[PDB]
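Form deposited in one PDB entry, single chain, as structure tokens, below.
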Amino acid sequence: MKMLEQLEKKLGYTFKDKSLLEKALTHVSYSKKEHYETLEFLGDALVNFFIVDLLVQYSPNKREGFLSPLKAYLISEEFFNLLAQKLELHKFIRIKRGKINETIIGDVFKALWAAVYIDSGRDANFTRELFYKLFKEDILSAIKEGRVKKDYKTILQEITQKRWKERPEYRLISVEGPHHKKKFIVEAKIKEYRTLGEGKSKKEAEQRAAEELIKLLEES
């Protein structure tokens, strides 16, 4: 069967307007016109909604402070690539050699959903259910394991502990501003590498200091 059919089968949906599906699979490098860009823009918001709606229904904790870290991972390039793999998107994409990467597979994943949405006559309910039918389980699992984007302090430690079997040091340099709105400046150190970071709390300051130190190291 033709390639579009193969994907429609993996998708469990058949397009009325095949050009829509093909456009979602088309990178600008392969065609200056009718490529996935606009569908990606729409797909981004669409899928974001699908994910959040599911997250808010199945997350054990309904507090935003808890929902946010989960959502960050659930709408991340890493996770989208995980879901796309089930569809083997890579072999369907029309693109020049040497240009494909995970950002692209992610873009196409999003565009594809925008295409289905449009092809269905902008039926958000139908498209959402189609989405869940394919990925609800993968999403619930991630929510169950509480997967999240590792934070900077955690990332820094893993780095320094591997390359030196040592942990970075954080120290308060200064505190400014009104007592109910203090500004904290903290330094992160490893070996002779040093970086500063400011925040509204010591925790936040350290996070930023860690972020910078990671860059600094990565550069040297």
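Heads up, when I say rigid core I mean the largest set of C-alphas that superpose within 1.5 Å between the two forms. Each residue number is its position in the shown sequence, starting from 1.
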Mean C-alpha temperature factor, higher of 42 to 50 and 150 to 158: 150 to 158
Of 8 to 16 and 208 to 216, the stretch with the higher mean C-alpha B-factor in the deposited entry is 208 to 216
Sort the modelled residues of this chain by their C-alpha B factor and say whether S120 lands in the lowest, middle or highest third. lowest
Could you tell me which third, lowest, middle or highest, the C-alpha B-factor of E37 occupies within its chain? lowest
Name the third of the chain's ranked CA B-factors that contains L70, choosing lowest, middle or highest. middle
Could you look up the Cα B-factor of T26 in the entry and say which third of the chain it sits in: lowest, middle or highest? lowest
Going by the recorded CA B-factors, say which third of the chain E77 sits in, lowest, middle or highest. lowest
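There is also a form deposited in another entry; it is not shown, and the following applies to it.
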Using a superposition on the rigid core, decide whether the Cα position of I159 changes by 2 angstroms or more between this form and the one not shown. yes
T26: Cα shift of 2 Å or greater between this form and the one not shown (core-aligned): no
Relative to the shown structure, Cα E77 and Cα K162 in the other entry (3 Å or more change) are closer
Between the shown chain and the other structure, the Cα gap of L156 to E77 differs by 3 Å or more. Is it closer or farther in the other entry? closer
